[PDB]
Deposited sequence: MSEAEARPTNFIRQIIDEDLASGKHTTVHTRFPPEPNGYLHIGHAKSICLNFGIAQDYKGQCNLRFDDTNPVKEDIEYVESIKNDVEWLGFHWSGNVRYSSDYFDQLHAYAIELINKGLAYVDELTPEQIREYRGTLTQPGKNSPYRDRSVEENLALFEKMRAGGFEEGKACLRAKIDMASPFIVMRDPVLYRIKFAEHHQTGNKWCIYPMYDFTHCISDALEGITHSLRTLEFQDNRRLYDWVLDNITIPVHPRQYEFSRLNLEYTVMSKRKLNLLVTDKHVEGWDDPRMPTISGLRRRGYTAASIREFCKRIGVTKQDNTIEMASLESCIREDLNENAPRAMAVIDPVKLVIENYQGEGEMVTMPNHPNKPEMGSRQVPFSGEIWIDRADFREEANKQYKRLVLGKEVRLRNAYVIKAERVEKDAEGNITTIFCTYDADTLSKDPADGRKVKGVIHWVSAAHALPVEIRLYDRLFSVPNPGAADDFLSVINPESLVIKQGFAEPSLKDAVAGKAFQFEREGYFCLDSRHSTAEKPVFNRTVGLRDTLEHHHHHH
């Protein structure tokens, strides 16, 4: 429960409403991030919890910043998260004609006029946060001139920035938004939905209140930066002929430590090629997390946990991670994989090999079991063998022994180093019938694998607050390793996650895995204390 849901309960009870109708209205000017997920869960979640409706509307009022690839990727993300919208997908562009007609109604009521102040003068005439603005010398044109001048704008008779439509309100309002807000501006750009039919586009504030109203929206839910906008929102609907007046509510926007959360900054990371793309596994985008291995249910869980309030906040990576660990720990089948391999021979072993059974899930037999190949030449992680080490070290130590996961107990005996003195192969002996603990892979049956370990994109908690956030990127946000996995992973499918015992949760695709050389992304490491 959150304040907004309680308001809804109140509205329902009092009969003010009989159905709830929300909307998710992103601008297709980039991909969606975990923040947008919070909005998606909120808006669609309320819809299904109350048997209401949630529309998917592309707020496409600015052609030069938008692209068809973005709308495509957005429908994709919303669908992947697990939500369905009301009827067809909607586009603000579907209302250009309506918007144009409503602009004409305002002009007719003397509430709007064509201003010819340059883009620099409008700022000069706007006043400041502490000084009132001043009326434009064109503010009192007659209905007829405005009507004529507006038509010229629509017809392309004005070069960009030479004219625009403004609402006639109050140049001396403490709300800078009421200082004669621009309704329409000229843009000779092609629109991904309307082609070149328009050379004038409606602004956000004008478009949104009308789109919500025509769509029958009952609760327009957005973020805190739009609180000031509410006054203009109500002003517009109050002055045009439209039957419904949706109520607005603002919640705080999500912030995650060690990353940025604005399409503008994320896009910069894409354009300057510092990440592979919007869906790079290190990105806080929804598609990036998906490729990283997060489940749509783990994201819905996270959104549910962080809550919806009016307080500024920055969640910790640990929280998001706990969500993904909870899911995978329960559903991900276990497998063996060695990231930093070192040859280990069991001089004691006779033959070409045998087969040992391993649980597909240690704490869940119902998830079945599988046959895994064991032999005399195996790979173990270079970090699980110490010639000495303290008393805490519970792994392989020269002279001492360790249990091979779901297999035999081996005793390190003789080690062998190379030129620079690095160990090349560890010699051990195994007990006839013996079935800490370390994982392993039979060298002979091992599947060569590329393992991509990921880490926080940035070095600091709040990279957004840095002068040059790019200069604070973590050089080790991605580190690639070549290792060995049990033959079993030969069937691994993209997106599907596995737990590589004693390491973490991994998944395929990564956009790079082939048939010859598979690529696994570390979604997240195991809780290691």
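Several segments of the deposited sequence are absent from the coordinates, namely 1 to 8, 444 to 454, 549 to 556.
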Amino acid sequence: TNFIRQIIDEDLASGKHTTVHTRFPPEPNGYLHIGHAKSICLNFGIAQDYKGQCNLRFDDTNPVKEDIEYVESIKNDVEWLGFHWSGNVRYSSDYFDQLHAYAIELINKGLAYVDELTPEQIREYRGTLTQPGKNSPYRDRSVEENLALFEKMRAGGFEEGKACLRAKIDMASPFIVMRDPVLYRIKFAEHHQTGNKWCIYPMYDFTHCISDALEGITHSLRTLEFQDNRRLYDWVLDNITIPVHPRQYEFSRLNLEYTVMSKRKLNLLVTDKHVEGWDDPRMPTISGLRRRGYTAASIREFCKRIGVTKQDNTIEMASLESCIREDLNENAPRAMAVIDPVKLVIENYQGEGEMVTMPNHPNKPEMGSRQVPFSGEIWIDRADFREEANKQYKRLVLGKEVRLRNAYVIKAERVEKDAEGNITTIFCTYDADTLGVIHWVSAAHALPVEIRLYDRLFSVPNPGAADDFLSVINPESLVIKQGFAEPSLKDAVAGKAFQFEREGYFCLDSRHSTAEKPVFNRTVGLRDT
From here on, numbers count along this sequence of modelled residues.
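When the mean C-alpha temperature factors of 242 to 250 and 128 to 136 are read from the deposited coordinates, 128 to 136 comes out higher. Mean CA temperature factor is higher for 404 to 412 when stretches 404 to 412 and 263 to 271 are set side by side in the entry. Per the deposited coordinates, the residue with the largest Cα temperature factor out of 381, 97, 170, 160 is 381. The residue among 77, 387, 105, 455 whose C-alpha carries the highest B-factor in the deposited model is 387.
Per the deposited record, the Cα B-factor of residue 510 falls in the highest third when ranked against the other modelled residues of its chain. Per the deposited record, the Cα B-factor of residue 230 falls in the lowest third when ranked against the other modelled residues of its chain. When the modelled residues of the chain are ordered by their C-alpha B factor, residue 14 lands in the highest third.
Compared with the other modelled residues of the chain, the Cα B-factor recorded for residue 84 ranks in the middle third. Among all modelled residues in its chain, residue 186 ranks in the middle third by Cα B-factor.
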